[PDB]
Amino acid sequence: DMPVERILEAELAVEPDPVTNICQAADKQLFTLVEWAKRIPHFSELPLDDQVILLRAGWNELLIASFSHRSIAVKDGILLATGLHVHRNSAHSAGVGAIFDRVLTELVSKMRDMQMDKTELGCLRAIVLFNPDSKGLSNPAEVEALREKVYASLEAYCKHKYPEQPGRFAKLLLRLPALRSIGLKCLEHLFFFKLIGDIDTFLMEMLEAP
């Protein structure tokens, strides 16, 4: 059973140079991510090794989803969990304008235009958490079944809250490929920042080899 009310509760429970600031905020949010995951139904019942696999595979996309949705009332910028706003022009002059703009146009602006709500966000993140394609999983079919339950609950919530928007459910799922590509590009940048070492311990562990 996968009630959207519990998923909402999970989101509400965790509510709080530019590359340095982004990194500090990300490290801090990794601790919060663990607390969020434990509130998603059935996750803590998975074998410890699997919980580890799922969080190491999904962490960067889960973090991107949160700061994008947090930033929807923000013009041309991003609200970090630390309370700091990072604007376009600031990211452009640090040499990271391209990736910043992708987040803004592909995620933030589209979340704003449709008024994606916090239950919808939480469900998308729970779907990303329960990724059955994660390597090493002791039972991928158990994770797939939990994924199926989240998106069945999501589809029923959209059809009830927004009955006049029949395409909304698909519209939500169709931000996930953008999220995946932006997550991959962010990882490349983080490995470069690690290399040109001018990064705190939890973020560092997430960038370690398995």
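When you see a residue number, it is the position in the sequence shown, counting from 1.
For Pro18, the fraction of other compared entries lacking coordinates, among those that model flanking residues, is zero, nowhere near a third.
The modelled chain breaks between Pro16 and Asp17, where 10 or more residues of the deposited sequence lack coordinates. Higher mean CA temperature factor, per the PDB entry, when comparing 72-80 with 122-130: 72-80. For the segment pair 137-145 and 57-65, the entry gives 137-145 the higher mean B-factor, averaged over Cα atoms.
Per-chain ranking of the deposited C-alpha B factor places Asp113 in the highest third. Ranked by Cα temperature factor within the chain, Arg175 sits in the lowest third according to the deposited record.
For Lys185, the recorded CA temperature factor ranks within the lowest third of the chain's modelled residues.
When the CA B factors of the chain's modelled residues are split into thirds, the value for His92 lands in the lowest one.
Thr32: CA B factor in the middle third of modelled residues in this chain (values from the PDB entry).
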